[PDB]
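Q: PDB, C-alpha atoms and all ligand atoms, saved as protein11.pdb, coming up:
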ATOM      1  CA  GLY A   1     115.261 136.870 103.609
ATOM      2  CA  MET A   2     114.014 136.197 100.111
ATOM      3  CA  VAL A   3     110.240 135.828 100.100
ATOM      4  CA  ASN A   4     109.095 132.182 100.129
ATOM      5  CA  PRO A   5     107.183 131.342  96.924
ATOM      6  CA  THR A   6     103.430 130.869  96.891
ATOM      7  CA  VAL A   7     101.974 128.641  94.204
ATOM      8  CA  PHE A   8      98.429 127.641  93.328
ATOM      9  CA  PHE A   9      96.603 124.685  91.823
ATOM     10  CA  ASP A  10      93.166 124.978  90.222
ATOM     11  CA  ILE A  11      91.538 121.597  90.865
ATOM     12  CA  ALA A  12      88.922 119.992  88.620
ATOM     13  CA  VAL A  13      86.774 116.866  89.015
ATOM     14  CA  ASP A  14      86.167 115.099  85.705
ATOM     15  CA  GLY A  15      86.814 118.506  84.098
ATOM     16  CA  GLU A  16      84.427 120.465  86.315
ATOM     17  CA  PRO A  17      86.148 123.233  88.325
ATOM     18  CA  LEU A  18      86.291 122.499  92.059
ATOM     19  CA  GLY A  19      88.417 125.318  93.460
ATOM     20  CA  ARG A  20      91.850 126.786  94.062
ATOM     21  CA  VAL A  21      94.454 125.636  96.593
ATOM     22  CA  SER A  22      97.477 127.793  97.321
ATOM     23  CA  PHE A  23     100.675 126.739  99.064
ATOM     24  CA  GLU A  24     103.601 128.403 100.755
ATOM     25  CA  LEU A  25     106.842 126.648  99.780
ATOM     26  CA  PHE A  26     109.448 126.716 102.568
ATOM     27  CA  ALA A  27     112.393 127.598 100.337
ATOM     28  CA  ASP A  28     114.044 129.199 103.365
ATOM     29  CA  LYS A  29     114.473 125.708 104.856
ATOM     30  CA  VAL A  30     114.450 123.361 101.827
ATOM     31  CA  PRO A  31     115.477 125.452  98.829
ATOM     32  CA  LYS A  32     116.168 122.600  96.402
ATOM     33  CA  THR A  33     112.933 120.776  97.192
ATOM     34  CA  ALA A  34     110.842 123.955  97.142
ATOM     35  CA  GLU A  35     112.401 125.075  93.852
ATOM     36  CA  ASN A  36     111.588 121.737  92.205
ATOM     37  CA  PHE A  37     107.889 122.038  93.116
ATOM     38  CA  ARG A  38     107.792 125.755  92.247
ATOM     39  CA  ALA A  39     109.258 125.258  88.776
ATOM     40  CA  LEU A  40     106.976 122.273  88.115
ATOM     41  CA  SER A  41     103.992 124.441  89.081
ATOM     42  CA  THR A  42     104.793 127.218  86.607
ATOM     43  CA  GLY A  43     105.709 124.858  83.758
ATOM     44  CA  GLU A  44     108.778 126.970  83.028
ATOM     45  CA  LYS A  45     111.063 123.948  82.393
ATOM     46  CA  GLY A  46     108.690 122.792  79.639
ATOM     47  CA  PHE A  47     107.026 120.116  81.786
ATOM     48  CA  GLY A  48     105.187 120.120  85.075
ATOM     49  CA  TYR A  49     102.037 119.569  87.036
ATOM     50  CA  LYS A  50      99.438 121.165  84.746
ATOM     51  CA  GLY A  51      97.087 118.497  83.452
ATOM     52  CA  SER A  52      98.243 115.821  85.898
ATOM     53  CA  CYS A  53      96.040 114.147  88.479
ATOM     54  CA  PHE A  54      95.922 113.253  92.143
ATOM     55  CA  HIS A  55      96.252 109.521  91.573
ATOM     56  CA  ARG A  56      95.987 108.361  95.186
ATOM     57  CA  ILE A  57      93.604 109.880  97.727
ATOM     58  CA  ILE A  58      93.162 108.180 101.122
ATOM     59  CA  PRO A  59      90.502 109.997 103.192
ATOM     60  CA  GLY A  60      91.771 110.994 106.613
ATOM     61  CA  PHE A  61      95.410 110.573 105.492
ATOM     62  CA  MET A  62      96.539 112.420 102.340
ATOM     63  CA  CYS A  63      96.031 113.396  98.666
ATOM     64  CA  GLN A  64      98.961 112.388  96.421
ATOM     65  CA  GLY A  65      99.927 113.627  92.979
ATOM     66  CA  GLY A  66     102.831 114.639  90.790
ATOM     67  CA  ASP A  67     102.984 111.962  88.059
ATOM     68  CA  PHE A  68     102.936 114.157  84.956
ATOM     69  CA  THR A  69     105.057 111.756  82.858
ATOM     70  CA  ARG A  70     103.186 108.427  82.931
ATOM     71  CA  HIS A  71      99.884 109.534  84.540
ATOM     72  CA  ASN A  72      99.646 106.271  86.493
ATOM     73  CA  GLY A  73     101.460 106.865  89.791
ATOM     74  CA  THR A  74     104.859 105.406  88.825
ATOM     75  CA  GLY A  75     106.165 108.410  86.897
ATOM     76  CA  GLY A  76     107.068 112.007  87.540
ATOM     77  CA  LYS A  77     110.519 113.536  87.322
ATOM     78  CA  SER A  78     112.396 116.270  89.134
ATOM     79  CA  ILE A  79     113.908 119.303  87.449
ATOM     80  CA  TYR A  80     117.382 117.901  88.226
ATOM     81  CA  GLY A  81     117.699 115.151  85.611
ATOM     82  CA  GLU A  82     117.530 112.373  88.222
ATOM     83  CA  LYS A  83     115.872 111.580  91.517
ATOM     84  CA  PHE A  84     117.354 113.767  94.245
ATOM     85  CA  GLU A  85     118.478 113.500  97.838
ATOM     86  CA  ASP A  86     116.384 114.118 100.916
ATOM     87  CA  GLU A  87     117.440 117.691 101.468
ATOM     88  CA  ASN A  88     116.797 117.673 105.244
ATOM     89  CA  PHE A  89     114.106 116.697 107.774
ATOM     90  CA  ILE A  90     113.953 120.012 109.675
ATOM     91  CA  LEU A  91     110.211 120.459 109.160
ATOM     92  CA  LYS A  92     107.684 118.017 110.565
ATOM     93  CA  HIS A  93     104.263 116.663 109.576
ATOM     94  CA  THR A  94     102.395 118.805 112.077
ATOM     95  CA  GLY A  95      98.801 118.626 110.835
ATOM     96  CA  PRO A  96      96.429 119.001 107.896
ATOM     97  CA  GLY A  97      97.717 120.995 104.947
ATOM     98  CA  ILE A  98     101.357 119.881 105.156
ATOM     99  CA  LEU A  99     102.971 119.388 101.752
ATOM    100  CA  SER A 100     105.571 116.603 101.744
ATOM    101  CA  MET A 101     107.553 114.554  99.216
ATOM    102  CA  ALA A 102     106.493 111.067  98.198
ATOM    103  CA  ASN A 103     109.408 108.750  97.560
ATOM    104  CA  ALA A 104     110.430 105.154  96.875
ATOM    105  CA  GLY A 105     112.925 105.091  99.748
ATOM    106  CA  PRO A 106     115.771 107.316 100.992
ATOM    107  CA  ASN A 107     117.076 109.869  98.480
ATOM    108  CA  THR A 108     114.554 109.104  95.711
ATOM    109  CA  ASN A 109     112.660 112.386  95.347
ATOM    110  CA  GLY A 110     111.205 113.091  91.922
ATOM    111  CA  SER A 111     108.043 115.136  91.506
ATOM    112  CA  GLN A 112     105.472 113.236  93.554
ATOM    113  CA  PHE A 113     104.092 114.826  96.682
ATOM    114  CA  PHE A 114     101.207 114.595  99.075
ATOM    115  CA  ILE A 115      98.992 116.999 100.980
ATOM    116  CA  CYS A 116      98.281 115.702 104.464
ATOM    117  CA  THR A 117      94.719 115.800 105.748
ATOM    118  CA  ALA A 118      95.768 114.889 109.307
ATOM    119  CA  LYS A 119      98.839 115.036 111.496
ATOM    120  CA  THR A 120     101.181 112.287 110.235
ATOM    121  CA  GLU A 121     104.060 112.298 112.748
ATOM    122  CA  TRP A 122     105.035 108.762 111.698
ATOM    123  CA  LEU A 123     106.380 110.207 108.440
ATOM    124  CA  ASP A 124     108.807 112.603 110.179
ATOM    125  CA  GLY A 125     112.381 111.873 109.132
ATOM    126  CA  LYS A 126     111.405 109.868 106.035
ATOM    127  CA  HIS A 127     109.541 112.400 103.878
ATOM    128  CA  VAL A 128     110.802 115.917 103.289
ATOM    129  CA  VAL A 129     108.232 118.529 104.350
ATOM    130  CA  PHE A 130     108.546 121.542 102.055
ATOM    131  CA  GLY A 131     105.311 123.542 102.118
ATOM    132  CA  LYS A 132     101.846 124.041 103.526
ATOM    133  CA  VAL A 133      98.385 124.899 102.238
ATOM    134  CA  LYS A 134      97.671 128.621 102.602
ATOM    135  CA  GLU A 135      94.164 129.022 101.143
ATOM    136  CA  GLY A 136      91.744 126.377  99.969
ATOM    137  CA  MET A 137      92.097 123.623 102.535
ATOM    138  CA  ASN A 138      88.332 123.180 102.060
ATOM    139  CA  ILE A 139      89.091 122.220  98.445
ATOM    140  CA  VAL A 140      91.525 119.552  99.652
ATOM    141  CA  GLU A 141      88.819 118.222 101.977
ATOM    142  CA  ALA A 142      86.406 118.152  99.026
ATOM    143  CA  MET A 143      88.987 116.112  97.106
ATOM    144  CA  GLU A 144      88.847 113.407  99.786
ATOM    145  CA  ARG A 145      85.213 112.678  98.735
ATOM    146  CA  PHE A 146      86.711 110.946  95.680
ATOM    147  CA  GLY A 147      89.263 108.837  97.554
ATOM    148  CA  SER A 148      89.101 105.321  98.976
ATOM    149  CA  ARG A 149      90.867 103.211 101.600
ATOM    150  CA  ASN A 150      93.217 101.789  99.004
ATOM    151  CA  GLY A 151      93.572 105.277  97.479
ATOM    152  CA  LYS A 152      92.149 104.676  94.021
ATOM    153  CA  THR A 153      90.056 107.694  93.066
ATOM    154  CA  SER A 154      86.442 107.571  91.944
ATOM    155  CA  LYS A 155      86.711 110.501  89.506
ATOM    156  CA  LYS A 156      89.645 112.160  87.787
ATOM    157  CA  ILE A 157      90.980 114.794  90.181
ATOM    158  CA  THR A 158      93.146 117.051  88.037
ATOM    159  CA  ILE A 159      95.419 120.052  88.377
ATOM    160  CA  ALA A 160      93.616 121.931  85.608
ATOM    161  CA  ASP A 161      95.935 124.931  85.989
ATOM    162  CA  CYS A 162      98.784 125.953  88.261
ATOM    163  CA  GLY A 163     101.308 128.731  88.677
ATOM    164  CA  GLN A 164     103.174 131.053  91.014
ATOM    165  CA  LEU A 165     101.307 133.898  92.669
ATOM    166  CA  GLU A 166     102.947 137.292  92.778
TER     167      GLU A 166
ATOM    168  CA  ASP B   2     112.670 104.586  85.298
ATOM    169  CA  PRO B   3     109.293 103.948  86.926
ATOM    170  CA  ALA B   4     109.242 103.811  90.724
ATOM    171  CA  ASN B   5     106.557 102.869  93.248
ATOM    172  CA  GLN B   6     106.518 106.063  95.292
ATOM    173  CA  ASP B   7     104.330 104.662  98.028
ATOM    174  CA  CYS B   8     106.569 104.302 101.126
ATOM    175  CA  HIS B   9     104.424 106.792 103.073
ATOM    176  CA  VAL B  10     101.380 104.582 102.454
ATOM    177  CA  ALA B  11     103.211 101.532 103.829
ATOM    178  CA  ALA B  12     104.195 103.636 106.851
ATOM    179  CA  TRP B  13     100.550 104.600 107.337
ATOM    180  CA  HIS B  14      99.524 100.932 107.245
ATOM    181  CA  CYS B  15     102.224 100.190 109.837
ATOM    182  CA  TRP B  16     100.909 102.974 112.076
ATOM    183  CA  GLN B  17      97.398 101.491 111.638
ATOM    184  CA  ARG B  18      98.769  98.349 113.368
TER     185      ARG B  18
HETATM  186  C1  LIG A 201     109.240 102.043 100.763
HETATM  187  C2  LIG A 201     109.276 102.033 102.291
HETATM  188  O1  LIG A 201     110.159 102.546 102.902
HETATM  189  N1  LIG A 201     108.187 101.349 102.940
HETATM  190  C3  LIG A 201     107.942 101.250 104.361
HETATM  191  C4  LIG A 201     107.362 100.101 104.880
HETATM  192  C5  LIG A 201     107.058 100.033 106.228
HETATM  193  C6  LIG A 201     107.361 101.105 107.051
HETATM  194  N2  LIG A 201     107.052 101.098 108.455
HETATM  195  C7  LIG A 201     106.747  99.938 109.265
HETATM  196  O2  LIG A 201     106.804  98.816 108.851
HETATM  197  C8  LIG A 201     106.374 100.233 110.719
HETATM  198  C9  LIG A 201     107.918 102.256 106.526
HETATM  199  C10 LIG A 201     108.206 102.333 105.176
HETATM  200  N   LIG A 202      98.928 100.013 115.300
END
Is it possible to express this structure as structure tokens?
Ligand SMILES: *CC(=O)Nc1ccc(NC(=O)C*)cc1
Ligand SMILES: [N]

A:
Amino acid sequence: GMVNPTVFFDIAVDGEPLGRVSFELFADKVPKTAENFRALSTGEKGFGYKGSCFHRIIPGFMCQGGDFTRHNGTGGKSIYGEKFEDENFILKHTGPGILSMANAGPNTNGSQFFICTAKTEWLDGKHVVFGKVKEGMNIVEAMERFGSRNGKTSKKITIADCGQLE
Amino acid sequence: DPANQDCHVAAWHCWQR
């Protein structure tokens, strides 16, 4: 098949570089959802993840980001001009490193996503799994040091740079 | 429009029950 995209985020903590996380995007199974995240990671539509933050980090559960429009957790937009359907639920939340869509209910995908730091089988069938951490899961674990039970972060955890690896 | 994209957190809280 066509090669699944790999993208990266360079993470910073109050501006100080933390490290790089890369992700495989399962475009073979969820092409529309993978393409949204891929395009937002390169910035090629003129907007995207660069400069945005992980606004909710719950240690032992997940790190959530994707609000590049309002920078407060209520924003973000897809590349499609509106929130889009749950493409399918073929892939499951099998363990740490899973990349899955945050939503406000069925068929409300925009640009927000979370990286699981545990198996979250109770999300299967309600959040579209579309990728997985390749390298840098230790960086995601380091990110959890700035989370809290309610998810508010203690420092600004930013996607200082991002793109698509070749 | 703004949207509270937090349903997975509510599901986590339910699993914590
Ligand atoms: C937005 C949304 O769907 N929230 C939500 C609330 C609760 C639960 N699960 C239980 O109550 C067990 C799932 C989703
Ligand atoms: N529970």

Q: Which residues come within 12 Å of residue 3 of chain B, counting all atoms listed in the file, excluding same-chain residues fewer than 3 positions away, as a PyMOL selection string?

A: (chain A and resi 67+69-77+82-83+103-104+108+110) or (chain B and resi 6)

Q: Can you write out the residues you just picked, keeping C-alpha atoms, as a PDB file, in the coordinates of the input?

A:
ATOM      1  CA  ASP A  67     102.984 111.962  88.059  1.00  0.00           C
ATOM      2  CA  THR A  69     105.057 111.756  82.858  1.00  0.00           C
ATOM      3  CA  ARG A  70     103.186 108.427  82.931  1.00  0.00           C
ATOM      4  CA  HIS A  71      99.884 109.534  84.540  1.00  0.00           C
ATOM      5  CA  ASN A  72      99.646 106.271  86.493  1.00  0.00           C
ATOM      6  CA  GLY A  73     101.460 106.865  89.791  1.00  0.00           C
ATOM      7  CA  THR A  74     104.859 105.406  88.825  1.00  0.00           C
ATOM      8  CA  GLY A  75     106.165 108.410  86.897  1.00  0.00           C
ATOM      9  CA  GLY A  76     107.068 112.007  87.540  1.00  0.00           C
ATOM     10  CA  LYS A  77     110.519 113.536  87.322  1.00  0.00           C
ATOM     11  CA  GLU A  82     117.530 112.373  88.222  1.00  0.00           C
ATOM     12  CA  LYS A  83     115.872 111.580  91.517  1.00  0.00           C
ATOM     13  CA  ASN A 103     109.408 108.750  97.560  1.00  0.00           C
ATOM     14  CA  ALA A 104     110.430 105.154  96.875  1.00  0.00           C
ATOM     15  CA  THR A 108     114.554 109.104  95.711  1.00  0.00           C
ATOM     16  CA  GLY A 110     111.205 113.091  91.922  1.00  0.00           C
TER      17      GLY A 110
ATOM     18  CA  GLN B   6     106.518 106.063  95.292  1.00  0.00           C
TER      19      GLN B   6
END

Q: Could you tell me how far atom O1 of ligand LIG 201 (chain A) sits from atom CA of residue 11 of chain A, in Å to one decimal place?

A: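 Computing it gives 29.2 Å between the two atoms.
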
Q: Return as AutoDock Vina command-line options the box centre and box size in Å, one decimal, for an axis-aligned box around all listed atoms of segment 135-142 of chain A padded by 4 Å per side.

A:
--center_x 90.3 --center_y 123.6 --center_z 100.5 --size_x 15.8 --size_y 18.9 --size_z 12.1

Q: Counting only C-alpha atoms, give me one row per residue of chain B with an atom at most 8 Å from an atom of chain A, showing the shortest contact pair and its distance in Å to one decimal, sorted by chain then residue number, as CSV.

A:
residue,atom,partner,partner_atom,distance
B:2,CA,A:75,CA,7.7
B:3,CA,A:74,CA,5.0
B:4,CA,A:74,CA,5.0
B:5,CA,A:74,CA,5.4
B:6,CA,A:104,CA,4.3
B:7,CA,A:104,CA,6.2
B:8,CA,A:104,CA,5.8
B:9,CA,A:123,CA,6.7
B:12,CA,A:122,CA,7.1
B:13,CA,A:122,CA,7.5
B:16,CA,A:122,CA,7.1

Q: Name the residues captured by the PyMOL selection byres (((not hetatm)) within 7 of (chain A and resi 202)) when it is applied to the shown file; answer as a list in words.

A: residues 15, 16, 17 and 18 of chain B

Q: Put those residues in a file: C-alpha atoms, as a PDB file, in the frame of the given file.

A:
ATOM      1  CA  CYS B  15     102.224 100.190 109.837  1.00  0.00           C
ATOM      2  CA  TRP B  16     100.909 102.974 112.076  1.00  0.00           C
ATOM      3  CA  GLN B  17      97.398 101.491 111.638  1.00  0.00           C
ATOM      4  CA  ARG B  18      98.769  98.349 113.368  1.00  0.00           C
TER       5      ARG B  18
END

Q: Quick one: everything within 7 Å of residue 36 of chain A, counting only C-alpha atoms, minus sequence neighbours fewer than 3 positions away in the same chain. Send it as a list in words.

A: residues 32, 33, 39, 40, 78 and 79 of chain A

Q: Need to verify the contact set: residue 147 of chain A, 8 Å, only C-alpha atoms, exclusion of same-chain residues closer than 5 positions in sequence. Can you return it as a ChimeraX atom specification?

A: /A:56-59,152-154

Q: Write out as an mmCIF file with C-alpha atoms, in the frame of the given file the residues lying within 9 Å of segment 158-163 of chain A, counting all atoms listed in the file and excluding same-chain residues fewer than 4 positions away.

A:
data_model
loop_
_atom_site.group_PDB
_atom_site.id
_atom_site.type_symbol
_atom_site.label_atom_id
_atom_site.label_comp_id
_atom_site.auth_asym_id
_atom_site.auth_seq_id
_atom_site.Cartn_x
_atom_site.Cartn_y
_atom_site.Cartn_z
ATOM 1 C CA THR A 6 103.430 130.869 96.891
ATOM 2 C CA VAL A 7 101.974 128.641 94.204
ATOM 3 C CA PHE A 8 98.429 127.641 93.328
ATOM 4 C CA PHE A 9 96.603 124.685 91.823
ATOM 5 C CA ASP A 10 93.166 124.978 90.222
ATOM 6 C CA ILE A 11 91.538 121.597 90.865
ATOM 7 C CA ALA A 12 88.922 119.992 88.620
ATOM 8 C CA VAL A 13 86.774 116.866 89.015
ATOM 9 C CA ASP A 14 86.167 115.099 85.705
ATOM 10 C CA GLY A 15 86.814 118.506 84.098
ATOM 11 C CA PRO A 17 86.148 123.233 88.325
ATOM 12 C CA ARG A 38 107.792 125.755 92.247
ATOM 13 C CA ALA A 39 109.258 125.258 88.776
ATOM 14 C CA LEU A 40 106.976 122.273 88.115
ATOM 15 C CA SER A 41 103.992 124.441 89.081
ATOM 16 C CA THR A 42 104.793 127.218 86.607
ATOM 17 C CA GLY A 43 105.709 124.858 83.758
ATOM 18 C CA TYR A 49 102.037 119.569 87.036
ATOM 19 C CA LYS A 50 99.438 121.165 84.746
ATOM 20 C CA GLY A 51 97.087 118.497 83.452
ATOM 21 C CA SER A 52 98.243 115.821 85.898
ATOM 22 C CA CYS A 53 96.040 114.147 88.479
ATOM 23 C CA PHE A 54 95.922 113.253 92.143
ATOM 24 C CA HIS A 55 96.252 109.521 91.573
#

Q: Which residue out of A:92, A:124, A:28, A:21 has the minimum interatomic distance to ligand LIG 201 (chain A) when only C-alpha atoms and all ligand atoms are used?

A: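 Among A:92, A:124, A:28, A:21, it is A:124 that comes nearest to ligand LIG 201 (chain A).
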
Q: Rounded to one decimal in Å, what is the spacing between atom CA of residue 148 of chain A and atom CA of residue 116 of chain A?

A: 14.9 Å

Q: Kindly give the distance, in Å, that separates atom CA of residue 129 of chain A and atom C1 of ligand LIG 201 (chain A), rounded to a single decimal.

A: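 Pair atom CA of residue 129 of chain A / atom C1 of ligand LIG 201 (chain A) returns 16.9 Å.
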
Q: Fewer than 4 positions away in the same chain doesn't count, so skip those; otherwise give me all residues within 9 Å of residue 131 of chain A, counting only C-alpha atoms, as a PyMOL selection string.

A: chain A and resi 23-27+34+97-100

Q: With C-alpha atoms as the atom set, please write segment 92-138 of chain A from the structure just given, as a PDB file, in the first residue's frame.

A:
ATOM      1  CA  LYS A  92      -8.665   0.031  19.651  1.00  0.00           C
ATOM      2  CA  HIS A  93      -7.057   1.788  22.625  1.00  0.00           C
ATOM      3  CA  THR A  94      -4.579  -0.999  23.272  1.00  0.00           C
ATOM      4  CA  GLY A  95      -1.999   0.663  25.525  1.00  0.00           C
ATOM      5  CA  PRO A  96       0.327   3.615  26.061  1.00  0.00           C
ATOM      6  CA  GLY A  97       1.191   5.645  22.985  1.00  0.00           C
ATOM      7  CA  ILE A  98      -2.184   5.345  21.236  1.00  0.00           C
ATOM      8  CA  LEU A  99      -3.218   8.519  19.422  1.00  0.00           C
ATOM      9  CA  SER A 100      -6.990   9.054  19.424  1.00  0.00           C
ATOM     10  CA  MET A 101      -9.482  11.825  18.628  1.00  0.00           C
ATOM     11  CA  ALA A 102     -11.022  13.970  21.339  1.00  0.00           C
ATOM     12  CA  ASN A 103     -14.608  14.921  20.629  1.00  0.00           C
ATOM     13  CA  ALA A 104     -17.739  16.532  22.059  1.00  0.00           C
ATOM     14  CA  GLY A 105     -19.925  13.533  21.216  1.00  0.00           C
ATOM     15  CA  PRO A 106     -20.555  11.342  18.150  1.00  0.00           C
ATOM     16  CA  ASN A 107     -19.371  12.788  14.828  1.00  0.00           C
ATOM     17  CA  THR A 108     -17.755  15.942  16.261  1.00  0.00           C
ATOM     18  CA  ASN A 109     -14.087  15.524  15.332  1.00  0.00           C
ATOM     19  CA  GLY A 110     -12.118  18.724  14.868  1.00  0.00           C
ATOM     20  CA  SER A 111      -8.406  18.881  15.615  1.00  0.00           C
ATOM     21  CA  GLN A 112      -8.179  17.828  19.255  1.00  0.00           C
ATOM     22  CA  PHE A 113      -6.512  14.556  20.109  1.00  0.00           C
ATOM     23  CA  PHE A 114      -4.950  12.711  22.983  1.00  0.00           C
ATOM     24  CA  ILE A 115      -1.964  10.450  23.524  1.00  0.00           C
ATOM     25  CA  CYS A 116      -2.822   7.634  25.902  1.00  0.00           C
ATOM     26  CA  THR A 117      -0.407   6.818  28.703  1.00  0.00           C
ATOM     27  CA  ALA A 118      -2.251   3.602  29.624  1.00  0.00           C
ATOM     28  CA  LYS A 119      -4.608   1.117  28.038  1.00  0.00           C
ATOM     29  CA  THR A 120      -8.008   2.858  27.824  1.00  0.00           C
ATOM     30  CA  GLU A 121     -10.366   0.131  26.558  1.00  0.00           C
ATOM     31  CA  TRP A 122     -13.374   2.075  27.873  1.00  0.00           C
ATOM     32  CA  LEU A 123     -12.891   4.557  25.024  1.00  0.00           C
ATOM     33  CA  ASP A 124     -13.171   1.896  22.285  1.00  0.00           C
ATOM     34  CA  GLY A 125     -16.066   2.676  19.959  1.00  0.00           C
ATOM     35  CA  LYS A 126     -16.361   6.328  21.028  1.00  0.00           C
ATOM     36  CA  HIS A 127     -12.999   7.828  20.033  1.00  0.00           C
ATOM     37  CA  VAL A 128     -11.368   7.170  16.684  1.00  0.00           C
ATOM     38  CA  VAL A 129      -7.877   5.687  17.087  1.00  0.00           C
ATOM     39  CA  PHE A 130      -5.702   6.909  14.220  1.00  0.00           C
ATOM     40  CA  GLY A 131      -2.034   6.636  15.189  1.00  0.00           C
ATOM     41  CA  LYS A 132       0.577   5.571  17.697  1.00  0.00           C
ATOM     42  CA  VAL A 133       3.789   6.947  19.167  1.00  0.00           C
ATOM     43  CA  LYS A 134       6.832   5.565  17.344  1.00  0.00           C
ATOM     44  CA  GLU A 135       9.783   7.245  19.093  1.00  0.00           C
ATOM     45  CA  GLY A 136       9.810   9.447  22.157  1.00  0.00           C
ATOM     46  CA  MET A 137       7.308   7.809  24.471  1.00  0.00           C
ATOM     47  CA  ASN A 138       9.724   8.846  27.243  1.00  0.00           C
TER      48      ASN A 138
END
